Amino acid sequence: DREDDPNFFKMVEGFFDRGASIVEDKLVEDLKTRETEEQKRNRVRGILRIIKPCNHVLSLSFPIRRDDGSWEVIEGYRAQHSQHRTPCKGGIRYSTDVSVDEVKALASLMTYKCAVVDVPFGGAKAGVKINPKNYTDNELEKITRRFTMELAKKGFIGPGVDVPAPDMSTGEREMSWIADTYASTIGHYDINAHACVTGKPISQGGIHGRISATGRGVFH
Amino acid sequence: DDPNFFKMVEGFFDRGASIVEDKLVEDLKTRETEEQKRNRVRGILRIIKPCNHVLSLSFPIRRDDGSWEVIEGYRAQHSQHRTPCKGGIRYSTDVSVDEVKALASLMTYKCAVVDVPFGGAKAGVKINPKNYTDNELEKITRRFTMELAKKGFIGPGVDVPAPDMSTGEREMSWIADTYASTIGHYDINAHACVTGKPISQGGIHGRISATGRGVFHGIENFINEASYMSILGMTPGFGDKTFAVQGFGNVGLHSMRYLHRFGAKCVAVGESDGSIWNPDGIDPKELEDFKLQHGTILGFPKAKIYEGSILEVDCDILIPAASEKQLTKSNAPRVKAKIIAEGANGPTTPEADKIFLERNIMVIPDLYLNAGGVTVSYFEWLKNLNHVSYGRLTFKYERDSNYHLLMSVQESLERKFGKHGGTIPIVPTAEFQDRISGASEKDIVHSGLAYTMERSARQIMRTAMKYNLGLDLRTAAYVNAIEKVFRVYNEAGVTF
Amino acid sequence: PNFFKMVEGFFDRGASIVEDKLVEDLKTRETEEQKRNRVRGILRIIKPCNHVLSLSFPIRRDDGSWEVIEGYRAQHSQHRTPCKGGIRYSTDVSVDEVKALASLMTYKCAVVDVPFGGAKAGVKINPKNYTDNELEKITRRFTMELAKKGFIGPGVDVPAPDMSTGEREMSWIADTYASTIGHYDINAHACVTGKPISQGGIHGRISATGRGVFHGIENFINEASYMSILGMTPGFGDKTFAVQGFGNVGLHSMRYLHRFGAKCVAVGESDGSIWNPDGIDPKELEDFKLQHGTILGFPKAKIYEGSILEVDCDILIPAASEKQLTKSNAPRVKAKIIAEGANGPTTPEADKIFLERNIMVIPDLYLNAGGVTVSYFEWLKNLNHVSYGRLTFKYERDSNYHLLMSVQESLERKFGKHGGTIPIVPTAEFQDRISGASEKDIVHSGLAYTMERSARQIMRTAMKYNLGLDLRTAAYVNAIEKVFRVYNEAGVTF
Amino acid sequence: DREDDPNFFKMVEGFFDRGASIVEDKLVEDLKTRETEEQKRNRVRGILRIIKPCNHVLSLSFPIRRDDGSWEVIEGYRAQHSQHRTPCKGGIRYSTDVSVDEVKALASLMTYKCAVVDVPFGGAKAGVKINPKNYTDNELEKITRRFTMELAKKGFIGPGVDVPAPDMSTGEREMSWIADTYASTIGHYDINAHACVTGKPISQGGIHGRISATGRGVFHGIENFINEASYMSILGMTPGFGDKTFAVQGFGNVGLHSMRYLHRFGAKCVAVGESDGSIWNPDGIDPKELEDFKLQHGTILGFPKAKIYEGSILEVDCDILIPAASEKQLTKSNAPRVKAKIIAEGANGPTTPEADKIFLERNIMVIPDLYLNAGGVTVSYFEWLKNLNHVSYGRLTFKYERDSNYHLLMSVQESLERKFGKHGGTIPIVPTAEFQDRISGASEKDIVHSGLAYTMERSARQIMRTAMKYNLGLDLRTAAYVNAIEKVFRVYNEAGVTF
Ligand SMILES: Nc1ncnc2c1ncn2[C@@H]1O[C@H](COP(=O)(O)OP(=O)(O)O)[C@@H](O)[C@H]1O
Ligand SMILES: Nc1ncnc2c1ncn2[C@@H]1O[C@H](COP(=O)(O)OP(=O)(O)O)[C@@H](O)[C@H]1O
Ligand SMILES: Nc1ncnc2c1ncn2[C@@H]1O[C@H](COP(=O)(O)OP(=O)(O)O)[C@@H](O)[C@H]1O
Ligand SMILES: Nc1ncnc2c1ncn2[C@@H]1O[C@H](COP(=O)(O)OP(=O)(O)O)[C@@H](O)[C@H]1O
Ligand SMILES: CC(C)C[C@H](N)C(=O)O
Ligand SMILES: CC(C)C[C@H](N)C(=O)O
Ligand SMILES: CC(C)C[C@H](N)C(=O)O
Ligand SMILES: [K+]
Ligand SMILES: [K+]
Ligand SMILES: [K+]
Ligand SMILES: [K+]
């Protein structure tokens, strides 16, 4: 789909570059500080250069044991575009078409998407390079739980660090397994352990009105 | 030739994994069918091959002139079968994800052959240190440490970085100080988060000489073995042995100094810009003093200027202590040396390795020979966990026991023979007296390295005989490492 | 002069001496004025206490009434963590006293290469006015208040006992920490030193300061270079000494010097003095003081009217009280060596007179660091979670036996069937060492190695800066040089 | 200023001693326990002995590298008076006049200030011994960041341990640097890391209504007593702000807002005083006109619609005198000349205890600083809560409330239209212009204002009830300290003391 298209990653980068050059001159004159005019230009342009790229990108290679007994090494990625607002927020895609560039572009898009709706999260996006159609519900549980463990140990999941969500390829049951693994292992001593992931079922701490949310947003 | 060093390490693993595979299946005693055993072994080897984690960073820095700069950085953790991970930090504009991944994987197997309980890791900050002030380099080092710490890529029990040819002990000190005062403030072992630190910050004595001593002990273990030496048409020991060193750096200088100390004669010393040669012999102390006063070995009074590389010098031992991929298939059939002691990572290409095997030229691999520095970095990590220097509470105790031992021999002999021709004074030799007076931590670190190199040489020799590899010591070393990493995975199991 | 002003003056003197040598030894990309600012700037950071905590905690007396207790704890430096320093229970404790002793501990640890920053606590109470139950409550509550503010922890700050504090207080500090906030710490019991053996204490703690005083004197007395300057022969043979203050330090120092040939001529105390030029036996004097409470009335010694400080001897050891040797009695001291076995027994004005009179004063900074050295070993023992030698005593014994058996089997081959059997067995002294092998032997040797190494460092510093018999200045310069090096190579965060 | 004055430290100690001896006898008889009457006296006096002193005081000496390269060692202090409520709360002062005694006295005062407005924090106060005028913005950032690190490591900063705030000497940019240092270093793993400090900018998690907070508190404090007919008849005055004249001494942030809100409710500003000069007009002074002149010229001197008053505003013939300047201005020498009937302390310690005696003799009601100057403390509690909540106030309920209001109006409209039939036409029930503005402009500040109003209303009644209980009359300061000591005592008595 369009979210996996290289042309869309360049598209988002261009949108940022356009907006940064427009806002630049107004940000310098609005700055009231004890600095020279060249020190103000460096401060504004320096902050814009920090914002543009992804701050962190984690690449994973974790094991899985198939229902038939065979072993498989799974590739995964998670980019955290910005931490100006913590936790980071962003979905998890299960597709063979996921890439580092895709995960970086969608993480950056998330940062600006959150800022326009005053949602206090930095941008993030994960991608597990597998085709869910090739796996059993048991195998998908193993992949989800082990991916959660690898993200948790490296600070890429936690209620105050990074809160993943579903997308077109993941569902509420995968989100439920992510929360369950975190609450029962790394986040056992955390009172807000179930806030490490959103898109959860109602029985697991999900909000009512999640299914209609995007449609109501389009309407409003 | 010029193959990517990343592809080289991958090929070494693939070769070793297929050799060890059949022996790992029959050695497995479990309630499984023979096809279930093949899948379990091949499956664990598929897990070991790739890097488990790779972190890419983009952190800000404010230059001394006030301008801002975004720095790129990477750190790969190849394996966590042994925690913490261990691996250097390179400050170069030529660092890449593939370079950092290949060196991380190489470090896993290098640690495994010398029984150092760490997984492999490697970091790279994409900057040229020559372009930055000491203040700017401090900011880069401190900020990089912060970004690694928050994502679990630095910590005494998680990942312990180290210096490289581009970084030093002052950068290591800033890493330790940033960790100990910010994220690891509450950790009693916060200074064990990084090795290669100065002595004032918790560094081990004997770090500077470590790689050179490891190169010496590695050669020493094979040169004293008469079984291997008779194959190469040589006599055992360093007596009547001539050697040549490619690259006169920290490793080159120390390797030359220790071999010369044991009777070997240095015939030629090569460098990035020019070469030096004297068949009568080159004194390492005289060459060191000239190199420190002039900068280059070119113009040494007791040596003629050699036109060309030192790899094709008529000697017994060739030591490439610098540069990568210097011995290729084009210059391998011209090596007059009989032992090629790899003092650097990846100095010989796999195509040159084939030629050296055909020519019965024993190549002691980098995986084993270049692991002296890794071994004492393990000892530094332990020193910080111990919170005491080695020997601090036992040097005087040992000294008193030694006096009592000699006094017991003296008093026992004086009772057996009497004072017929007087007292029989049993006193320490001049050499033993120097050892007692100069007893310091460095003696224990040197001993620990020597024991590790001796033990690991015999392990590689036994693996070579077990799999009938002969002079293919590199394959023996990778099979030895894969056998050890596999055993940890097989007996621990995989979570979920 | 005040002791708090004294330690400040010692630092200022040492900092100005070491300053010029620190600039030229600095190899960095800076101008000569940038190097002077960096050195002077770092020296300014070291001098004051980094942190000082003042407490006001509640206590309920055994009768039911409530009492608010005052307490303080200063952490002079964190260039080495944890901080280390004792706890004093006295109504005379003050912020300035706690700050001066914390700074003194920084330099004292540095001269003996003990990797701790300086620290000192004081609870403003008179322990004589409280029951053992009330003292337990004060100790536990004080520990809790220190713990919540980062003033106790195995890797943060490790307290120790004082003259007003004992091993039972340390035991309550460790138990309170390990059972409440430090519960999840595997090294919780390493939060305090001076603990009983049953709670994780080292063997050789009681004798530690006395052994340190002995080894400190021993290292200088056996140096012929220094002894010829004082017009004396090297070694303890034909050496006479006098001890002022017959406490734990006084008793042990007297016992160890006597053991090595030195003769005790006089022993002084808070109430009265004892003198016998023929000699005073330390075991006989110890038994009399334990059975009568005081040394006054010792049968083998005449009652000396006055302080022991002016007795005609070779070595004077003030092993108790502060500022006993002052500018008024310094020109009357007959001893050639003054071994400070207590903190600040000689004023800086007396130091000037001793230098003029060629009387070597071994400073408290070095000589009184035996207890600090074994407190480091106790902290290490708790981190190790094992007594010293536990896994190697038997191994070492068997290696010794193999060595002697090898000499025997080799000599029996050389002298064959004529020299019969040649039994190579350990001496009586070596056999006793093997049989009595315990942790105390390793602590004693570890302390002897520290005192030997540190004496040579102070001697080398004295020669480097041409200080001669000014060993106190050599010790402070040695300590400032070490603390500076840690700051210079680590850098300052932000 | 008077918060640096040693006489003010003795004042706060004396206020506590007075309140503790008044509350003592009532605390003994109210105690129902298995103890003798002398055991009850020892328990009450013993707990009050624990409450009086500061529990912890940290003295710091931290390094700083100046922009020229030189090094400087900075002195700093932080006192935590009581932890009967955690976290501790209190500002940070950057002044060369800060001292341990100043930091201890202001820490104790914050314990009792929080207690009267039911803000669940213990008292605390920090002081860095530097003159900010001598440092660059870069140097001040280094000082702020390093000071935060030293406090964090010793438990003197943290969301659940100690939450600092700005002072007159420090601003929102300092607080932002504190929160940023904490969230990036020691508090990195804390989800509430940004709740470690209050007074932060809006972009960093600061509440809307922080700037107006102290002024609204001064207004609501006066409003609660001015509307009470019992107190007003004693002062020979009518209840309400109608026909009420007031004078403000100090045209700062508190002075400007207090003048604006009283004028909005009908009161007439007769005179405004300042550090350099005074302004007076018996016909009235418009706060918006005076604010615009002060912003364009730097001073109120020369205001066209007001004559230049020679002297302090304290003796102007008005009804309400609002000392909004942090100075011991009302002393025993000028207290017998105050023509106002109500003295509203919009600053800490503006009246001396000797002047308090004269005001009681003259039947002049002084609303104390302990209560009236607690508006900013109240919204700092709301800022701390906002950061814990991780959401602005009303974000999920403004639209919900708006829909319910429209349903209530459409119900009245349909109900009436049904009763009078279609013959009586349509009866449109729509919101007033004022209600329509409230609905359209619904934002967080509307809820912060309401929470502050509820707190000031509730606390005024508590002080009034305490005053009647102990027969204090117009001695509202003693009522406020007795109210605060009563609350702190209750926490210690019911929690107990560990060990
Ligand atoms: N993702 C974000 N990145 C940056 N600024 C943000 C982000 N989300 C919100 N903000 C801004 O931060 C401030 C938060 O203030 P607050 O009034 O508490 O928030 P809001 O009213 O938006 O809930 C507002 O200025 C808001 O626009
Ligand atoms: N990096 C490593 N990876 C895997 N196995 C290792 C590694 N280092 C050491 N080992 C193995 O783990 C075991 C550790 O046992 P131990 O006897 O305690 O170690 P050692 O004698 O090597 O110090 C040995 O079999 C050793 O060869
Ligand atoms: N308290 C201290 N402060 C500063 N430096 C110290 C301190 N204690 C020891 N050092 C120094 O730190 C270094 C520690 O190195 P190491 O050889 O491990 O120590 P040591 O041999 O003294 O046990 C030595 O240079 C030592 O002199
Ligand atoms: N700083 C404080 N110190 C002591 N008691 C306090 C403090 N703040 C509030 N209290 C008291 O603690 C109780 C808290 O009960 P609650 O009803 O939750 O509080 P509130 O209604 O005041 O928000 C009340 O009795 C309140 O007066
Ligand atoms: C060898 C072990 C550390 C392996 C670990 N259980 C894993 O799943 O990677
Ligand atoms: C020597 C180091 C512990 C110094 C530390 N970085 C500081 O700023 O105090
Ligand atoms: C009110 C409580 C928090 C008091 C606390 N239990 C103490 O011992 O001081
Ligand atoms: K970014
Ligand atoms: K792996
Ligand atoms: K200091
Ligand atoms: K209190």
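Order of listing sets the numbers, starting from 1, for every ligand and every atom in it. Only this structure's heavy atoms are used, side chains among them; waters, hydrogens and symmetry mates stay out. Sequence lines set the chain letters: A, B, ... in the order given, protein chains first and strands last, and positions in each chain run from 1.
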Do any nitrogen or oxygen atoms of [X] lie less than 3.5 angstrom from nitrogen or oxygen atoms of ligand 3?
X       : result
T106(C) : no
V114(C) : yes
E441(B) : no

>> Using salt bridge (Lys or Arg N to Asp or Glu O under 4.0 Å), reason through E452(C) and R456(C) one step at a time and then give a plain yes or no.
In response: CA-CA 7 Å; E452(C) 177 181 31; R456(C) 305 190 189 278; 3.0 Å; yes
>> Yes or no: does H205(B) have any heavy atom under 4.0 Å from an atom of ligand 3?
In response: yes
> Is ligand 3 less than 4.0 angstrom away from at least one heavy atom of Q457(C)?
Replying inline: no
Nearest to [atom], what protein heavy atom do you find, and at what distance?
atom                    : value
atom 27 (O) of ligand 3 : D113(C) OD1, 2.7 Å
atom 23 (O) of ligand 3 : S389(B) OG, 2.6 Å
atom 18 (O) of ligand 3 : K383(B) NZ, 2.7 Å
atom 21 (O) of ligand 3 : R453(C) NH1, 2.9 Å
atom 24 (C) of ligand 3 : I199(B) CG2, 4.2 Å

>> Check for me whether the distance between the ring centres of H446(B) and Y390(B) falls short of 6.0 Å.
In response: no
> the K ion (ligand 11): which protein N, O or S atoms are under 3.4 Å away?
Replying inline: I50(D) O, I51(D) O, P53(D) O, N55(D) OD1, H81(D) O
> Does the side chain of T193(C) come under 3.5 Å of the side chain of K84(C) through a donor N or O and an acceptor N or O?
Replying inline: yes
> Going by atom types only, do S389(B) and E441(B) share a side-chain donor-acceptor pair under 3.5 Å?
Replying inline: no
> For atom 10 (N) of ligand 3, which of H387(B), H79(C), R80(C) has the closest heavy atom?
Replying inline: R80(C)
Do NZ/NE/NH1/NH2 and the carboxylate oxygens of [X] and [Y] come within less than 4.0 Å?
X       : Y       : value
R78(A)  : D162(A) : yes
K52(A)  : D17(A)  : yes
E147(B) : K151(B) : no

>> What I'd like to find out is whether the side chain of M146(B) reaches to under 4.5 Å of the side chain of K150(B), using heavy atoms alone.
In response: yes
> Quick one: does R80(C)'s side chain get under 4.5 Å of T106(C)'s, heavy atoms only?
Replying inline: no
> So, for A79(A) and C54(A), which heavy atoms are closest and what is the spacing to 0.1 Å?
Replying inline: CB-SG, 4.2 Å
>> To check you understand the geometry: which heavy-atom pair defines the closest contact between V114(C) and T373(C), and what is its length?
In response: CG2-CA, 4.1 Å
Hey, which atoms in ligand 3 end up nearer than 4.0 Å to a heavy atom of [X]?
X       : result
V486(C) : 4 (C), 5 (N)
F116(C) : 1 (N)
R392(B) : 23 (O)

> Does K126(B) make a cation-pi contact with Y74(B) (under 6.0 Å, within 45 degrees of the axis)?
Replying inline: no
> Considering the options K197(B), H191(B), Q201(B), which one meets the side chain to side chain donor-acceptor pair (under 3.5 Å) requirement together with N384(B)?
Replying inline: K197(B)
> Heavy-atom contacts under 4.0 Å between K482(C) and ligand 3: side chain, backbone, both, or neither?
Replying inline: both
